[PDB]
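Take a look at this single chain in structure tokens; it is the form deposited in one PDB entry.
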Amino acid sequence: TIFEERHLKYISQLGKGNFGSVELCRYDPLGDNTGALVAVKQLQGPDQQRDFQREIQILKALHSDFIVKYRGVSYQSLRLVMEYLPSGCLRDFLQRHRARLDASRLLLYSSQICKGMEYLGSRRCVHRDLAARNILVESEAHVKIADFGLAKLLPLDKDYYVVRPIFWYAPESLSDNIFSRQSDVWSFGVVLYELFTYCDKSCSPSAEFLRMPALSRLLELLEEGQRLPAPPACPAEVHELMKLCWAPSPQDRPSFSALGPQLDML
């Protein structure tokens, strides 16, 4: 739970979240290079130092097969140590191994994410940035949700939270900065789209919405009932779930708990 700085061997850069920098390291106390690989997040202002301390505590308290595992912290500077998922980001994974991933396997990922999200909801936690770029691949048969830097905990007497990339945002989030489990559902509809386009750049959410002020443009387009199209070779039933995920009103969207069985039984 407390990883010593001098034993964390820097290997390379894994990327930047919404927030800071993530680095691949080997925690190698014995010195043999036999140590376990770990992902280490850190910052390099007070406002994000505050949100970082929350993110550490959120990930620490969450326990699920489909959420990146917290492992500890490293100290006069605070770093977050997490398990390393060596197959990397789902976005890149899908583009690389498209040829060997049929619809059944995409549904498996959808279901695993749905179960991860169902768990978050029960911990009254709103991810706020659910997207393929923030999903990680544990193995070819297993994915996990990551990056809780923008994550908010619903007040204990409220089902929404108002707050201070737009193509994953629900309408009420764009217009009124309102976020909730239901705004997470909207975004889940977009990852379904990403899964079944194999995160192809040329037909990404941005490329489609751009083809269809930018924030006000998107919002007017959504209010008109226009949506991302059915991905090619996406089963019709899955497309219908996306459409339900993108219901105009938050209350008309299905819960993650209702989606799960619908995804599993196709």
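Start at 1 with the first residue shown and count on from there. Superpose the two forms; the largest set of C-alphas matching within 1.5 Å is the rigid core.
- For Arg164, the fraction of other compared entries lacking coordinates, among those that model flanking residues, reaches at least a third.
- In the other compared entries of this protein that model both flanking residues, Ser180 has coordinates in every one, well short of a third left out.
- Per the record, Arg164 and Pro165 are separated by a gap of 4 to 9 residues from the deposited sequence that were not modelled.
- As listed in the deposited structure, the average C-alpha B-factor of 200-208 and of 59-67 is greater for 200-208.
- Remark: stretch with higher mean C-alpha B factor among 175-183 and 124-132 is 175-183.
- Based on the entry's C-alpha B-factors, the most elevated value among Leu85, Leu107, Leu156, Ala151 belongs to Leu156.
- Of the candidates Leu30, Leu37, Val40, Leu241, the deposited coordinates give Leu30 the top C-alpha B factor.
- For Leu259, the recorded CA B-factor ranks within the lowest third of the chain. Only modelled residues enter the ranking.
- Per the deposited record, the Cα B-factor of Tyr10 falls in the middle third when ranked against the other modelled residues of its chain.
- Sort the modelled residues of the chain by CA B factor and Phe188 lands in the lowest third.
- In this PDB entry, the Cα temperature factor of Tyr119 sits in the bottom third of its chain's modelled residues, the lowest group.
- Split the chain's modelled residues into thirds by C-alpha temperature factor. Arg100 is in the highest one.
This next part talks about the form deposited in another entry, which is not shown.
- Once the rigid core is used as the reference frame, the Cα position of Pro29 differs between the shown form and the other one by 2 Å or more.
- Once both forms are fitted on their core, a CA shift of 2 Å or more is seen for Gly17 between the shown form and the other one.
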